[PDB]
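Enquirer: The structure under discussion is supplied below as structure tokens; questions concerning it will follow.
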Amino acid sequence: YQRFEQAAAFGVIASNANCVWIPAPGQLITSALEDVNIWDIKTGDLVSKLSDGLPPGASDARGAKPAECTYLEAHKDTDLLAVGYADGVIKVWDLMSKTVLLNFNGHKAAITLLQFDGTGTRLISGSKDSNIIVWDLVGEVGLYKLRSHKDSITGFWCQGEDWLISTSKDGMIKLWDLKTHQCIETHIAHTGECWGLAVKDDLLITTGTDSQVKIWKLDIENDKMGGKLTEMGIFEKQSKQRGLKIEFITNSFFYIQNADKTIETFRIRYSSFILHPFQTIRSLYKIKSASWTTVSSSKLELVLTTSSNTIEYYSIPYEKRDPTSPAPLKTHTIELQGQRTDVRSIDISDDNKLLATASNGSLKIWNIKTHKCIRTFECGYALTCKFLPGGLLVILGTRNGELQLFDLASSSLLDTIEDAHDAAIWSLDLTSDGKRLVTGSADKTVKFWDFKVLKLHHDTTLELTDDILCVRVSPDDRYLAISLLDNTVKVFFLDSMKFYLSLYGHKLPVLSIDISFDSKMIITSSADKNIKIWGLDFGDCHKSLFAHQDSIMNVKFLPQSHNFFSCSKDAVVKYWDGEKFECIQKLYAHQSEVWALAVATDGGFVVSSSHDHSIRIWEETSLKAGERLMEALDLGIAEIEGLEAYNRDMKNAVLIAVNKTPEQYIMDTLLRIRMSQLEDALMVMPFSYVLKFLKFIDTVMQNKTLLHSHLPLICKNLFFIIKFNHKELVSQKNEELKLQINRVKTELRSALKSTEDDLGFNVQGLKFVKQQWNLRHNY
Amino acid sequence: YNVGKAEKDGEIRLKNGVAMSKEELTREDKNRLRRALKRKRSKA
Amino acid sequence: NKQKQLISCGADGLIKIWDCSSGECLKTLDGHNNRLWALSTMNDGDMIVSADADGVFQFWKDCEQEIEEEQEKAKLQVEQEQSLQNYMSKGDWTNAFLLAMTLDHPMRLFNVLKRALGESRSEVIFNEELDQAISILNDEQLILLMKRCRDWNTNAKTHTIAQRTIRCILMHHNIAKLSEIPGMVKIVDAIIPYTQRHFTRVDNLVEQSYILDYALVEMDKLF
């Protein structure tokens, strides 16, 4: 029982967010997974990375994948970098002190757009849900919450501290005020959604789904709908793919970044009259984000980041007439710290020299102590890897029917046995001395090779009835386990291939085999979401263990005892004991499919490449009615008499909180009361509060509109209170009460007579209409 | 003259006489109306 | 000619067209009566010509103008929804009522009328331009408004607005018109007895106002 957490993170170059450019070219900020990467461009070395205080898989860790940084933006004058994650939290770092200082949370989904005026010390954020929030930093709170869209907020722009424009995944554009504090104008821009929006001071450019971009004008003309927005021009045929981000540039250009590995830079000097397509920029990877830079209007320098971990640069010299170049200039490329595609196999040396191979064939050698690369090689779609201890060589099995070997000291190709198999070779193991290789391949073939001093030569092959998925040779070199295409694990004696034993009962193809150091336990993993532990002495199922909701991708033992690691497609690495049969630890490091796993030969650190290019080195260590009416009566009438005394001189926190005049406050608690309690709650109060009630009623009779709003409730309460306290009220003597009762009587009688007159007119007229129609059209 | 569920599907008409269009509502209001109709159906 | 919606004539006397990749009949045309023999297409203007056993013939042609009309309809609806929301914010309840009558939003209509009554609480029944709008209203607009006022009359707390609007209608419409409008007599017959109920209740409340008067008289008599 120990606790291991991660200690490194490789290939984390280009995550899913937008790059932010900084002048001195100058350095560049991009997003890492659960971190932020900053680096210079002439060198490409990671200057700093800012993560949180807990490493994943610790005691305080939670049973959930952490939210990745999905957006970010920084002010270089104030040097504040706000960062928005996938759950809707907004953190913000300083760059000089390199620490987060305050956090917000007002959204519910991923945060799309972040912008902040440091001159206004406020921060506007629009996320994947419908609400646009404005926080303020020195007030450290959400000032308000703008919300009228329904799908998301994809396009977003602000003007001063006065106006806003926003568009969504339902293609409507909303012009918002800030003083009147509401959505004012909406216009449906495109048929489907409206992805992109860029606002120059006069025109705004909005792109949709089928290269339909629109060019409109902004103004502060005071019509209800005209002036503030038009439908001026429509430009088409930029591409076939939907636009994603438009950005303006002037020392008279802008650019539209699409999703078809293309940016189109346009010039502004009907759509052909205004616009001018300057040029295109094309890459070979699906691009993600871009930012511009220019000097003296003689060159155009763009920073781009793709889907794969490539940071590209672009430069075009020009003369305000001619782009001068048929193709741009990639003067800076940053790839080497990334893998450029999804990794598929990992191995660890006894020197602990890490080996990572992927779809390119780009075998990259890493190491723990430097966290950087040593060398790369390329061989095509390579599936599995192997580290050879003698000479510390590497071997790659591919999807093409070919088997390669590279060296860490000499060049790539020392030997390449091609046409090794017809279909793909899937798994590959090596005897513990290093003399015999064995490969399991989709020709239903188990090819055994000898290591001739160097070359390889297949000394034999084995032919099976079913396709082959995994092959594992014993560490004691006694057994050889094959996981077939059907739910079958055949165990052979290694010396003579005797077909010693067979294991069944997975209902799905077994994707991984491992056997123990003393060679008694064989653990097996299929896509059936349960791991099966077997004793190999009798082919018996010691146990089954349901785990890893998607599919257990790979299982590895520890060299000390029966303690194993399981990694899945649903991004969880579980550490189990094979004698207690309970999960000791449940790591939630990254978020995509944990493709490749490798345990240390002696130490205990595990590395686990995900689908999102993740290399992980795991190393170890309540009042009653009547009462509420009475107190509201007290507060309101105290305010009323204070106002009266102040008016004669001229001759509450709850009030200023709820923003109600005290008469409306008292009427609101009268509305809040219930009738079945109103009887007793009116009978309870003493005559002092009765007299206060009559003063309040006279105040409402002054404030007529409330009276005609709530005529029957007022009348019922007044008639009951005077019928109850009738004796003392006629026993008292108060001339001001006499005038109050006179005014109350006159105004109540007048209001009731008015509504009675309306009712009588209506019933007489409608009776006449019925009688006339009946005498007319009834036979 | 009783009152019942109105004719158009774009309107809801409760038993107390009010009529609510399905378009001039807000999203949380739509949610609470669905929840109320759900608990009524669950009781029935 | 579009080479997606393959068409088929048919001896029942009709045409049915479908997207070729779909496998489901897109549209159905039933011009001809008895049978159908001749079916041809013009390409540059994709015009389907059809002939049956009878000497009658027809030309057919697709239109995207209905799609343009639907986009314009949605644009107009959203535009006046925003105009209604801005008017509900600021005022001009005449314009708010016009937009609400076009949009058929009874809740906002009821709120517009409530605000109008509250601000018309200081002949004149409402805002004078609102009265002119009620005078101007169409017959179908009158039927819809009278149905909503019938329900507001059903509810005992909205009867004031109901009776005010009905009185405004009677004061600013022809009773000949309201008799000859079809299906209005059912609405009026439904309206009447609830109005009588509210009438008797208001009379009772005036009587209790005279109870107030008695309390004043007795207090003055002791004084």
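Chain labels A, B, ... are given in the sequence in which chains occur in the structure tokens; within each chain residues are numbered consecutively from 1, and ligands are likewise numbered from 1 in the order shown.
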If you run DSSP over the backbone, which residues in range 5-44 of chain B end up strand (DSSP E or B)? Put them as an mmCIF file with N, CA and C atoms, in the first residue's frame.

Expert:
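Heads up, here's the output in out-v7.cif:
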data_model
loop_
_atom_site.group_PDB
_atom_site.id
_atom_site.type_symbol
_atom_site.label_atom_id
_atom_site.label_comp_id
_atom_site.auth_asym_id
_atom_site.auth_seq_id
_atom_site.Cartn_x
_atom_site.Cartn_y
_atom_site.Cartn_z
ATOM 1 N N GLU B 11 -50.313 27.057 -27.386
ATOM 2 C CA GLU B 11 -50.760 27.697 -26.161
ATOM 3 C C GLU B 11 -51.073 26.646 -25.111
ATOM 4 N N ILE B 12 -50.848 27.007 -23.854
ATOM 5 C CA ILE B 12 -51.335 26.245 -22.714
ATOM 6 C C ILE B 12 -52.339 27.113 -21.977
ATOM 7 N N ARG B 13 -53.457 26.517 -21.579
ATOM 8 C CA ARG B 13 -54.515 27.237 -20.889
ATOM 9 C C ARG B 13 -54.834 26.497 -19.605
ATOM 10 N N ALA B 19 -53.726 32.007 -20.158
ATOM 11 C CA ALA B 19 -53.274 31.350 -21.372
ATOM 12 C C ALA B 19 -51.824 31.730 -21.605
ATOM 13 N N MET B 20 -50.984 30.731 -21.852
ATOM 14 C CA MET B 20 -49.554 30.937 -22.020
ATOM 15 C C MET B 20 -49.132 30.360 -23.358
ATOM 16 N N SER B 21 -48.535 31.192 -24.205
ATOM 17 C CA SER B 21 -47.970 30.682 -25.442
ATOM 18 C C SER B 21 -46.666 29.952 -25.167
#

Enquirer: Quick check: residues of chain C within 6 Å of chain B, only C-alpha atoms, returned as a list in words.

Expert: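 Filtering chain C at 6 Å from chain B with only C-alpha atoms gives residues 105, 107, 151 and 155 of chain C.
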
Enquirer: Mind running chain B against chain A at 12 Å and telling me each contacting residue's nearest atom pair with the distance in Å (one decimal), counting only C-alpha atoms, chain and number ascending, as a tab-separated table?

Expert:
residue	atom	partner	partner_atom	distance
B:25	CA	A:148	CA	11.9
B:26	CA	A:148	CA	9.3
B:27	CA	A:150	CA	8.7
B:28	CA	A:150	CA	11.8

Enquirer: Pick the closest to residue 21 in chain C from C:132, C:122, C:153, C:3: which is it, counting only C-alpha atoms?

Expert: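 Comparing C:132, C:122, C:153, C:3 against residue 21 in chain C, the winner is C:3.
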
Enquirer: Would you mind listing, as number ranges by chain, all residues of chain C that have at least one atom within 6 Å of chain A, where only C-alpha atoms are what counts?

Expert: C: 118, 167, 179, 199, 219

Enquirer: Identify, on the basis of only C-alpha atoms, every residue whose closest approach to residue 142 in chain C does not exceed 10 Å; exclude the query and any residue fewer than 2 positions from it along the same chain; express the result as an MDAnalysis selection string.

Expert: chainID C and resid 101 134:140 144:148 169 173 178 181 184

Enquirer: Pull N, CA and C atoms from the residues just selected and write them as a compact mmCIF listing (two decimals), in the first residue's frame.

Expert:
# COMPACT_ATOMS: atom_id res chain seq x y z
N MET C 101 -51.24 41.62 -30.68
CA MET C 101 -52.35 41.08 -31.44
C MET C 101 -51.86 40.37 -32.69
N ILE C 134 -58.11 49.65 -30.99
CA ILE C 134 -59.25 48.76 -30.75
C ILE C 134 -60.38 49.07 -31.73
N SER C 135 -60.56 50.34 -32.07
CA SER C 135 -61.53 50.70 -33.10
C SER C 135 -61.12 50.16 -34.46
N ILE C 136 -59.82 50.18 -34.75
CA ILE C 136 -59.31 49.80 -36.05
C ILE C 136 -59.35 48.29 -36.28
N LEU C 137 -59.32 47.50 -35.19
CA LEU C 137 -59.09 46.05 -35.22
C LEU C 137 -59.96 45.31 -36.23
N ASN C 138 -59.38 44.24 -36.79
CA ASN C 138 -60.03 43.38 -37.76
C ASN C 138 -61.08 42.51 -37.08
N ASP C 139 -61.87 41.80 -37.90
CA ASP C 139 -62.91 40.94 -37.35
C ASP C 139 -62.31 39.70 -36.68
N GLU C 140 -61.30 39.09 -37.31
CA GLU C 140 -60.64 37.96 -36.68
C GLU C 140 -59.90 38.40 -35.43
N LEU C 144 -60.57 36.84 -31.69
CA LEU C 144 -59.50 36.38 -30.80
C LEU C 144 -59.50 37.17 -29.50
N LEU C 145 -59.59 38.50 -29.59
CA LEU C 145 -59.58 39.34 -28.40
C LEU C 145 -60.77 39.03 -27.50
N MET C 146 -61.93 38.75 -28.10
CA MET C 146 -63.10 38.45 -27.29
C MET C 146 -63.00 37.08 -26.66
N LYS C 147 -62.31 36.14 -27.29
CA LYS C 147 -62.08 34.86 -26.63
C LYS C 147 -61.19 35.02 -25.41
N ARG C 148 -60.10 35.79 -25.56
CA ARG C 148 -59.22 36.03 -24.43
C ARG C 148 -59.92 36.80 -23.32
N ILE C 169 -64.68 47.92 -26.66
CA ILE C 169 -65.11 47.33 -27.93
C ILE C 169 -66.51 47.81 -28.29
N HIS C 173 -67.13 49.99 -31.72
CA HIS C 173 -67.40 49.08 -32.82
C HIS C 173 -68.89 49.10 -33.14
N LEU C 178 -70.89 43.37 -34.80
CA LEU C 178 -70.74 42.33 -33.78
C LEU C 178 -71.88 41.33 -33.81
N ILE C 181 -70.87 39.13 -37.13
CA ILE C 181 -69.62 38.36 -37.08
C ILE C 181 -69.96 36.92 -36.71
N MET C 184 -69.76 34.65 -32.82
CA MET C 184 -69.54 35.56 -31.71
C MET C 184 -70.61 35.43 -30.64

Enquirer: In Å to one decimal, how far is CA of residue 330 in chain A from CA of residue 317 in chain A?

Expert: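 Separation of CA of residue 317 in chain A and CA of residue 330 in chain A: 12.4 Å.
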
Enquirer: In Å to one decimal, how far is CA of residue 717 in chain A from CA of residue 217 in chain C?

Expert: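 These atoms are spaced 20.6 Å apart.
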
Enquirer: Neighbouring residues of residue 20 in chain C were defined as those with any atom within 9 Å, considering only C-alpha atoms; residues of the same chain fewer than 5 positions away were excluded. Please report them as a PyMOL selection string.

Expert: chain C and resi 3-6

Enquirer: Give me the residues near residue 122 in chain A as number ranges by chain, where near means some atom within 10 Å (using only C-alpha atoms) and where sequence neighbours in that chain fewer than 4 positions away do not count.

Expert: A: 115-118, 134-143, 161

Enquirer: Could you work out how far CA of residue 686 in chain A lies from CA of residue 222 in chain C, giving the answer in Å with one decimal?

Expert: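 Interatomic distance, CA of residue 222 in chain C to CA of residue 686 in chain A: 22.4 Å.
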
Enquirer: Could you pull the residues within 8 Å of range 288-300 of chain A, counting only C-alpha atoms, minus those fewer than 2 positions along the same chain, as a list in words?

Expert: residues 16, 17, 18, 19, 20, 21, 247, 249, 250, 251, 257, 259, 286, 302, 303, 304, 305, 306, 307, 314, 315, 316, 317, 318, 319 and 320 of chain A

Enquirer: May I have the selected residues written with N, CA and C atoms, as a short mmCIF file (atom, residue, chain, number, x, y, z; two decimals), in the first residue's frame?

Expert:
data_model
loop_
_atom_site.label_atom_id
_atom_site.label_comp_id
_atom_site.auth_asym_id
_atom_site.auth_seq_id
_atom_site.Cartn_x
_atom_site.Cartn_y
_atom_site.Cartn_z
N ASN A 16 -6.83 22.17 -26.89
CA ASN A 16 -8.01 22.71 -27.56
C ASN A 16 -8.34 24.07 -26.97
N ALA A 17 -7.63 25.09 -27.44
CA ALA A 17 -7.94 26.48 -27.13
C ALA A 17 -7.25 27.36 -28.18
N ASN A 18 -7.26 28.66 -27.94
CA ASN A 18 -6.74 29.64 -28.88
C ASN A 18 -5.40 30.17 -28.39
N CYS A 19 -4.44 30.25 -29.31
CA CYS A 19 -3.13 30.78 -28.98
C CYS A 19 -3.20 32.29 -28.77
N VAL A 20 -2.42 32.79 -27.83
CA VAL A 20 -2.35 34.22 -27.53
C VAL A 20 -0.92 34.68 -27.76
N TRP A 21 -0.75 35.68 -28.62
CA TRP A 21 0.56 36.12 -29.06
C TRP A 21 1.03 37.32 -28.24
N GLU A 247 -10.44 38.06 -37.78
CA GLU A 247 -9.70 39.03 -37.00
C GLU A 247 -9.12 40.10 -37.91
N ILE A 249 -6.84 43.69 -38.90
CA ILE A 249 -5.44 44.11 -38.80
C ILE A 249 -5.23 45.36 -39.66
N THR A 250 -4.54 46.35 -39.09
CA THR A 250 -4.24 47.60 -39.78
C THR A 250 -3.07 48.28 -39.08
N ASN A 251 -2.08 48.72 -39.86
CA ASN A 251 -0.90 49.41 -39.33
C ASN A 251 -1.26 50.72 -38.63
N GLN A 257 -10.19 32.37 -40.51
CA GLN A 257 -9.62 31.06 -40.25
C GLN A 257 -10.74 30.04 -40.30
N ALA A 259 -11.99 25.71 -41.14
CA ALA A 259 -11.73 24.38 -40.61
C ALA A 259 -11.24 23.41 -41.69
N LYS A 286 -5.05 19.93 -39.87
CA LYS A 286 -6.26 20.68 -39.52
C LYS A 286 -5.91 21.75 -38.49
N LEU A 302 2.04 35.69 -39.20
CA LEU A 302 0.93 35.04 -38.55
C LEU A 302 1.43 33.85 -37.73
N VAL A 303 0.87 33.70 -36.53
CA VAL A 303 1.15 32.55 -35.68
C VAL A 303 -0.07 31.65 -35.69
N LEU A 304 0.14 30.36 -35.96
CA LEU A 304 -0.93 29.40 -36.10
C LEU A 304 -0.61 28.18 -35.25
N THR A 305 -1.65 27.53 -34.75
CA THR A 305 -1.51 26.25 -34.08
C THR A 305 -2.56 25.29 -34.62
N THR A 306 -2.15 24.04 -34.83
CA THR A 306 -3.05 23.09 -35.47
C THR A 306 -3.76 22.21 -34.45
N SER A 307 -4.50 21.23 -34.97
CA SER A 307 -5.07 20.18 -34.13
C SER A 307 -3.97 19.30 -33.55
N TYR A 314 4.14 31.94 -40.06
CA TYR A 314 3.97 32.29 -41.45
C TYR A 314 4.41 33.73 -41.65
N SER A 315 5.04 34.00 -42.78
CA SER A 315 5.47 35.35 -43.12
C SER A 315 5.30 35.55 -44.61
N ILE A 316 4.74 36.70 -44.98
CA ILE A 316 4.58 37.06 -46.39
C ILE A 316 5.00 38.51 -46.57
N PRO A 317 6.03 38.79 -47.36
CA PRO A 317 6.34 40.18 -47.69
C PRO A 317 5.48 40.65 -48.85
N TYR A 318 5.16 41.94 -48.83
CA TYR A 318 4.19 42.48 -49.78
C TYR A 318 4.36 43.99 -49.86
N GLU A 319 3.54 44.61 -50.72
CA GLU A 319 3.71 46.00 -51.09
C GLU A 319 2.39 46.77 -51.20
N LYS A 320 1.36 46.33 -50.48
CA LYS A 320 0.00 46.88 -50.49
C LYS A 320 -0.68 46.79 -51.86
#

Enquirer: Name the residues in contact with residue 244 in chain A at a cut-off of 10 Å, using only C-alpha atoms, excluding same-chain residues fewer than 2 positions from it; report them as an NGL selection string.

Expert: :A and (154-155 or 194-197 or 206-209 or 241-242 or 246 or 256-259 or 263 or 288-289)

Enquirer: With distances taken over only C-alpha atoms, which residue among C:75, C:32, C:108, C:159 lies nearest residue 196 in chain C?

Expert: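 For residue 196 in chain C, the nearest of the given residues is C:159.
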
Enquirer: May I have all residues of chain B that DSSP, computed from the backbone, assigns to helix (DSSP H, G or I), given as a VMD selection string?

Expert: chain B and resid 27 to 43

Enquirer: Can I get the selection written as an mmCIF file, in the first residue's frame, with C-alpha atoms?

Expert:
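Result file selection_33.cif:
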data_model
loop_
_atom_site.group_PDB
_atom_site.id
_atom_site.type_symbol
_atom_site.label_atom_id
_atom_site.label_comp_id
_atom_site.auth_asym_id
_atom_site.auth_seq_id
_atom_site.Cartn_x
_atom_site.Cartn_y
_atom_site.Cartn_z
ATOM 1 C CA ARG B 27 -36.601 28.570 -20.402
ATOM 2 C CA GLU B 28 -36.917 28.077 -16.647
ATOM 3 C CA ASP B 29 -40.641 28.788 -16.937
ATOM 4 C CA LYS B 30 -40.882 26.119 -19.626
ATOM 5 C CA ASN B 31 -38.996 23.793 -17.290
ATOM 6 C CA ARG B 32 -41.267 24.353 -14.296
ATOM 7 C CA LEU B 33 -44.388 23.990 -16.433
ATOM 8 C CA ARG B 34 -43.090 20.665 -17.733
ATOM 9 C CA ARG B 35 -42.325 19.581 -14.168
ATOM 10 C CA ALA B 36 -45.820 20.521 -12.982
ATOM 11 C CA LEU B 37 -47.489 18.680 -15.861
ATOM 12 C CA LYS B 38 -45.211 15.722 -15.119
ATOM 13 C CA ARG B 39 -46.186 15.483 -11.460
ATOM 14 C CA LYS B 40 -49.859 15.869 -12.397
ATOM 15 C CA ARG B 41 -49.536 13.003 -14.875
ATOM 16 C CA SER B 42 -47.678 10.944 -12.270
ATOM 17 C CA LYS B 43 -50.504 11.431 -9.785
#
